[PDB]
Amino acid sequence: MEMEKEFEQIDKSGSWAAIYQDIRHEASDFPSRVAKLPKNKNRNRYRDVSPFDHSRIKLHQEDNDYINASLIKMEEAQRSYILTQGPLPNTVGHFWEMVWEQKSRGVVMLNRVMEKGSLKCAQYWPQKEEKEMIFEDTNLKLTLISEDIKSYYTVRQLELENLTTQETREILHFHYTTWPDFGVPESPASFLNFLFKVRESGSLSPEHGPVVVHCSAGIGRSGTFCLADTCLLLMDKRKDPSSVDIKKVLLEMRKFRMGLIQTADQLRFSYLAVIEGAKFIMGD
Ligand SMILES: CNCc1cccc(Cl)c1
(Lines of atoms letter the chains of each structure in order from A and count residues from 1; the text may use other names and numbers.)
(Lines give C-alpha, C1' and ligand atoms only; values in the text may rest on other atoms or scores of the structure.)
Protein backbone atom coordinates (compact mmCIF):
# COMPACT_ATOMS: atom_id res chain seq x y z
CA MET A 1 0.00 0.00 0.00
CA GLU A 2 0.96 5.88 -1.03
CA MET A 3 1.44 5.82 2.75
CA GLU A 4 -0.69 8.63 4.02
CA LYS A 5 -3.85 6.75 3.18
CA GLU A 6 -2.25 3.61 4.82
CA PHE A 7 -1.17 5.65 7.85
CA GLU A 8 -4.74 6.90 8.25
CA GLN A 9 -6.19 3.21 8.20
CA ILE A 10 -3.73 1.93 10.83
CA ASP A 11 -4.78 5.02 12.92
CA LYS A 12 -8.43 4.34 12.66
CA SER A 13 -7.69 0.82 13.12
CA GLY A 14 -5.20 1.74 15.87
CA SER A 15 -2.96 -1.19 14.93
CA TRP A 16 0.48 0.44 15.38
CA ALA A 17 1.36 -1.98 18.19
CA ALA A 18 0.36 -4.87 15.88
CA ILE A 19 2.46 -3.70 12.92
CA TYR A 20 5.30 -3.23 15.20
CA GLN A 21 5.27 -6.67 16.77
CA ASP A 22 5.17 -8.10 13.22
CA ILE A 23 8.44 -6.30 12.45
CA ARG A 24 9.95 -7.52 15.76
CA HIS A 25 8.98 -11.06 14.75
CA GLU A 26 10.54 -11.14 11.27
CA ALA A 27 13.71 -9.15 12.12
CA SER A 28 17.04 -10.75 11.67
CA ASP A 29 19.00 -12.52 14.39
CA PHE A 30 22.76 -12.82 13.68
CA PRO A 31 25.51 -13.65 16.20
CA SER A 32 27.03 -11.09 18.61
CA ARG A 33 29.81 -13.22 20.12
CA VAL A 34 32.54 -10.55 20.36
CA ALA A 35 30.19 -8.18 22.24
CA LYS A 36 29.53 -10.95 24.89
CA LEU A 37 33.13 -11.77 25.70
CA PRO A 38 33.83 -11.11 29.42
CA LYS A 39 36.79 -8.67 28.47
CA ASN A 40 34.03 -6.34 26.93
CA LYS A 41 31.60 -6.25 29.60
CA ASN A 42 32.55 -2.71 30.62
CA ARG A 43 32.25 -1.50 26.97
CA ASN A 44 28.46 -2.11 26.67
CA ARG A 45 26.08 0.29 28.18
CA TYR A 46 23.10 -2.10 27.99
CA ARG A 47 23.26 -5.84 28.44
CA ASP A 48 20.60 -6.37 25.75
CA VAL A 49 21.81 -4.16 22.85
CA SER A 50 24.86 -5.53 20.99
CA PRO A 51 26.35 -5.12 17.49
CA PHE A 52 26.27 -8.13 15.19
CA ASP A 53 29.70 -9.64 14.45
CA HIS A 54 29.29 -9.38 10.81
CA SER A 55 28.66 -5.54 10.68
CA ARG A 56 30.49 -4.28 13.81
CA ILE A 57 33.07 -1.47 13.54
CA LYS A 58 36.58 -2.66 14.43
CA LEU A 59 39.03 -0.34 16.16
CA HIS A 60 42.53 -0.35 14.61
CA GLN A 61 44.37 -1.64 17.62
CA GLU A 62 45.76 -5.09 18.43
CA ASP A 63 44.91 -4.98 22.16
CA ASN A 64 41.08 -5.03 21.92
CA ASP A 65 39.29 -3.92 18.76
CA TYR A 66 35.77 -3.84 20.27
CA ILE A 67 33.32 -0.91 20.31
CA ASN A 68 29.49 -1.13 20.49
CA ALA A 69 28.94 0.31 16.95
CA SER A 70 27.48 -1.02 13.64
CA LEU A 71 27.83 -0.11 9.92
CA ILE A 72 24.49 0.11 8.25
CA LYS A 73 25.12 -0.17 4.47
CA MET A 74 22.12 0.98 2.24
CA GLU A 75 23.12 -0.35 -1.07
CA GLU A 76 20.30 1.10 -3.21
CA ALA A 77 20.26 4.48 -1.40
CA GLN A 78 24.09 4.71 -1.56
CA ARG A 79 24.24 5.77 2.10
CA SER A 80 26.28 4.38 5.00
CA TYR A 81 25.66 5.26 8.66
CA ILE A 82 27.50 4.16 11.82
CA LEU A 83 25.01 3.70 14.68
CA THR A 84 26.55 3.54 18.18
CA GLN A 85 25.58 3.82 21.86
CA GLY A 86 26.24 6.98 23.84
CA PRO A 87 29.86 6.87 25.06
CA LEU A 88 30.65 5.48 28.55
CA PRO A 89 33.33 7.09 30.85
CA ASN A 90 35.79 4.42 29.79
CA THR A 91 34.93 4.37 26.02
CA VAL A 92 35.15 8.11 25.19
CA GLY A 93 38.66 7.57 23.81
CA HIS A 94 37.47 4.57 21.75
CA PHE A 95 34.61 6.74 20.37
CA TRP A 96 36.93 9.44 19.00
CA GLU A 97 39.37 6.79 17.71
CA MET A 98 36.48 5.38 15.62
CA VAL A 99 35.57 8.85 14.31
CA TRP A 100 39.22 9.38 13.26
CA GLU A 101 39.78 5.91 11.72
CA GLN A 102 36.49 5.84 9.75
CA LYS A 103 37.09 9.39 8.31
CA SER A 104 33.73 10.73 9.51
CA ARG A 105 32.84 14.33 9.01
CA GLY A 106 29.86 14.59 11.39
CA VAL A 107 28.51 13.24 14.69
CA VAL A 108 24.72 13.29 15.28
CA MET A 109 23.58 13.28 18.97
CA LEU A 110 19.86 12.79 19.70
CA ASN A 111 19.82 12.73 23.54
CA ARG A 112 20.73 15.04 26.41
CA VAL A 113 23.58 14.02 28.75
CA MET A 114 21.06 13.82 31.63
CA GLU A 115 17.43 12.69 31.05
CA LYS A 116 14.72 11.41 33.47
CA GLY A 117 17.36 12.44 36.36
CA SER A 118 19.98 9.88 35.24
CA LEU A 119 23.07 9.92 33.04
CA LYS A 120 22.44 8.78 29.47
CA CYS A 121 26.00 9.29 28.19
CA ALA A 122 29.35 10.73 29.19
CA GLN A 123 30.22 14.40 28.61
CA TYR A 124 32.50 13.46 25.74
CA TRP A 125 33.22 16.87 24.14
CA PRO A 126 34.64 20.12 25.58
CA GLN A 127 32.28 22.86 26.65
CA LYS A 128 34.70 25.81 26.49
CA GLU A 129 37.24 26.85 23.88
CA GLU A 130 40.13 27.26 26.36
CA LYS A 131 39.49 23.84 28.00
CA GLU A 132 40.45 21.16 25.55
CA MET A 133 40.24 17.39 26.17
CA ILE A 134 42.96 14.92 25.73
CA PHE A 135 42.31 11.14 25.52
CA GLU A 136 45.47 9.58 26.63
CA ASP A 137 44.58 5.99 25.78
CA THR A 138 44.05 6.62 22.16
CA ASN A 139 46.34 9.74 21.71
CA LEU A 140 43.86 12.22 20.56
CA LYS A 141 43.13 15.94 21.33
CA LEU A 142 39.79 17.52 20.99
CA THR A 143 39.12 21.29 21.01
CA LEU A 144 35.85 23.29 20.85
CA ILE A 145 36.18 25.83 17.97
CA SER A 146 32.68 27.39 17.89
CA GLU A 147 29.11 26.74 18.97
CA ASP A 148 25.77 27.67 17.34
CA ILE A 149 22.83 27.27 19.73
CA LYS A 150 19.35 27.24 18.16
CA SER A 151 15.90 26.58 19.61
CA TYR A 152 15.71 22.97 18.91
CA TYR A 153 19.36 22.03 18.29
CA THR A 154 22.99 23.12 18.67
CA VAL A 155 25.80 22.77 15.98
CA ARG A 156 29.44 22.77 17.20
CA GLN A 157 32.64 22.94 15.18
CA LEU A 158 35.37 20.70 16.83
CA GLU A 159 38.92 20.14 15.99
CA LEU A 160 40.32 16.51 16.35
CA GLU A 161 44.00 16.17 16.35
CA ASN A 162 45.86 12.90 16.01
CA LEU A 163 48.81 13.39 18.49
CA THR A 164 50.74 10.78 16.89
CA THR A 165 50.92 12.50 13.50
CA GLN A 166 49.70 16.05 14.29
CA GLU A 167 47.11 15.78 11.51
CA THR A 168 43.91 17.66 12.31
CA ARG A 169 40.55 17.45 11.08
CA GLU A 170 37.23 19.52 11.50
CA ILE A 171 34.39 17.53 12.91
CA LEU A 172 30.82 18.89 12.99
CA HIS A 173 28.66 18.02 16.08
CA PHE A 174 24.92 18.07 15.35
CA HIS A 175 23.01 17.96 18.70
CA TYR A 176 19.22 17.65 18.74
CA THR A 177 18.35 18.96 22.18
CA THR A 178 14.54 18.83 22.42
CA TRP A 179 13.40 15.18 22.12
CA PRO A 180 11.05 14.71 25.12
CA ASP A 181 11.91 12.56 27.96
CA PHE A 182 8.84 10.39 27.21
CA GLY A 183 7.22 9.59 23.93
CA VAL A 184 8.04 11.26 20.62
CA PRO A 185 7.66 14.84 19.31
CA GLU A 186 4.15 15.90 18.35
CA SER A 187 5.23 17.25 14.97
CA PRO A 188 8.16 16.11 12.79
CA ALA A 189 8.90 19.62 11.49
CA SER A 190 11.80 20.32 13.84
CA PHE A 191 13.29 16.84 13.36
CA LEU A 192 13.10 17.19 9.53
CA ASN A 193 14.56 20.70 9.89
CA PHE A 194 17.43 19.15 11.87
CA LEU A 195 17.90 16.32 9.34
CA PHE A 196 18.23 18.75 6.34
CA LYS A 197 20.86 20.75 8.27
CA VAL A 198 22.87 17.68 8.74
CA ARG A 199 22.49 16.92 4.82
CA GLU A 200 23.49 20.49 3.89
CA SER A 201 26.65 20.33 5.92
CA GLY A 202 28.06 17.53 3.67
CA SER A 203 28.28 15.13 6.63
CA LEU A 204 26.12 12.49 4.86
CA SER A 205 27.82 12.65 1.48
CA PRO A 206 29.97 9.81 -0.10
CA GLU A 207 33.13 11.96 -0.15
CA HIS A 208 33.39 11.54 3.64
CA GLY A 209 33.36 8.45 5.85
CA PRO A 210 29.97 7.45 7.32
CA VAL A 211 28.27 9.82 9.76
CA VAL A 212 28.31 8.62 13.39
CA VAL A 213 24.85 8.83 15.04
CA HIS A 214 23.89 7.99 18.62
CA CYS A 215 21.36 8.28 21.36
CA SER A 216 21.60 6.39 24.67
CA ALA A 217 21.42 2.81 23.26
CA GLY A 218 21.87 3.71 19.57
CA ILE A 219 18.76 1.95 18.26
CA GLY A 220 15.65 4.04 18.96
CA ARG A 221 15.91 7.73 18.12
CA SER A 222 19.02 6.80 16.06
CA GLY A 223 16.98 4.35 14.02
CA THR A 224 14.32 7.00 13.40
CA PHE A 225 16.98 9.38 12.00
CA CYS A 226 18.56 6.87 9.42
CA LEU A 227 15.13 5.40 8.49
CA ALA A 228 13.61 8.78 7.65
CA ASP A 229 16.88 9.77 5.64
CA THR A 230 17.06 6.53 3.59
CA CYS A 231 13.32 6.46 2.79
CA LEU A 232 13.41 10.07 1.55
CA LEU A 233 16.53 9.38 -0.54
CA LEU A 234 14.84 6.35 -2.16
CA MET A 235 11.62 8.43 -2.85
CA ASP A 236 13.58 11.28 -4.44
CA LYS A 237 15.42 8.64 -6.67
CA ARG A 238 13.06 5.95 -8.03
CA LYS A 239 10.85 6.10 -11.04
CA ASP A 240 7.85 5.23 -8.89
CA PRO A 241 7.94 6.89 -5.43
CA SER A 242 5.01 4.94 -4.13
CA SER A 243 7.22 1.91 -4.20
CA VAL A 244 9.07 2.91 -1.02
CA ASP A 245 7.82 0.64 1.73
CA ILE A 246 8.99 1.90 5.11
CA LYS A 247 8.55 -1.54 6.80
CA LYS A 248 10.80 -3.23 4.27
CA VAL A 249 13.42 -0.48 4.53
CA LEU A 250 13.38 -0.93 8.32
CA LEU A 251 13.78 -4.69 8.05
CA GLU A 252 16.74 -4.30 5.72
CA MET A 253 18.38 -1.96 8.26
CA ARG A 254 17.76 -4.41 11.00
CA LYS A 255 20.06 -6.90 9.20
CA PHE A 256 22.91 -4.57 10.26
CA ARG A 257 21.90 -3.63 13.85
CA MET A 258 19.31 -5.17 16.20
CA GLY A 259 16.34 -3.35 17.67
CA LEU A 260 16.08 -0.30 15.40
CA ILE A 261 12.86 1.53 16.40
CA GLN A 262 12.13 0.66 19.99
CA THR A 263 8.40 1.52 20.23
CA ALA A 264 5.28 1.63 18.10
CA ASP A 265 5.16 5.41 18.68
CA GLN A 266 8.63 5.70 17.14
CA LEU A 267 7.30 3.61 14.32
CA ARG A 268 4.38 5.97 13.75
CA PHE A 269 6.62 9.06 14.09
CA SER A 270 8.85 7.62 11.57
CA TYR A 271 5.94 7.43 8.97
CA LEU A 272 4.88 10.99 9.74
CA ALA A 273 8.41 12.26 9.20
CA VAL A 274 8.67 10.55 5.81
CA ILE A 275 5.19 11.61 4.67
CA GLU A 276 5.65 15.21 5.75
CA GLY A 277 9.16 15.01 4.55
CA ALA A 278 8.09 13.82 1.13
CA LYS A 279 5.47 16.47 1.24
CA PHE A 280 8.13 19.23 1.64
CA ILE A 281 10.40 18.05 -0.94
CA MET A 282 7.62 18.30 -3.52
CA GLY A 283 6.22 21.63 -2.44
CA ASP A 284 2.73 20.20 -1.60
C1 LIG B 1 11.96 13.85 -8.37
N2 LIG B 1 11.37 13.17 -7.13
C3 LIG B 1 10.31 14.03 -6.39
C4 LIG B 1 9.73 13.37 -5.17
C5 LIG B 1 8.52 12.66 -5.20
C6 LIG B 1 7.99 12.05 -4.05
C7 LIG B 1 8.66 12.12 -2.82
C8 LIG B 1 9.86 12.83 -2.79
CL9 LIG B 1 10.69 12.93 -1.30
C10 LIG B 1 10.40 13.44 -3.93
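Numbering starts at 1 and runs along the chain as it is shown here.
Backbone N, Cα and C define each Cβ position, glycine as well.
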According to Swiss-Prot, one residue among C121, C215 carries the annotation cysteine sulfinic acid (-SO2H); which one is it?
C215
Can you dig through Swiss-Prot and tell me which residue of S50, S205 is labelled phosphoserine?
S50
Which residues does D181 (substrate binding site) neighbour through Cβ under 8 Å, counting only same-chain ones at least six apart?
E115, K116
Considering only the recorded positions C215, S216, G218, which fall within 10 Å of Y20 (phosphotyrosine) when distances are taken between Cα atoms?
none
If we count other C-beta atoms within 10 Å, could you say which of the binding-site residues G218, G220 has the fewest?
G220
Looking only at Cβ atoms, how many others are within 10 Å of the one on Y66 (phosphotyrosine)?
21
Tell me which of the recorded positions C215, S216, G218, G220, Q262 ends up closest to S50 (phosphoserine) in space, Cα to Cα.
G218
Let me know the DSSP-derived helix, strand or coil state of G218 (substrate binding site), please.
coil
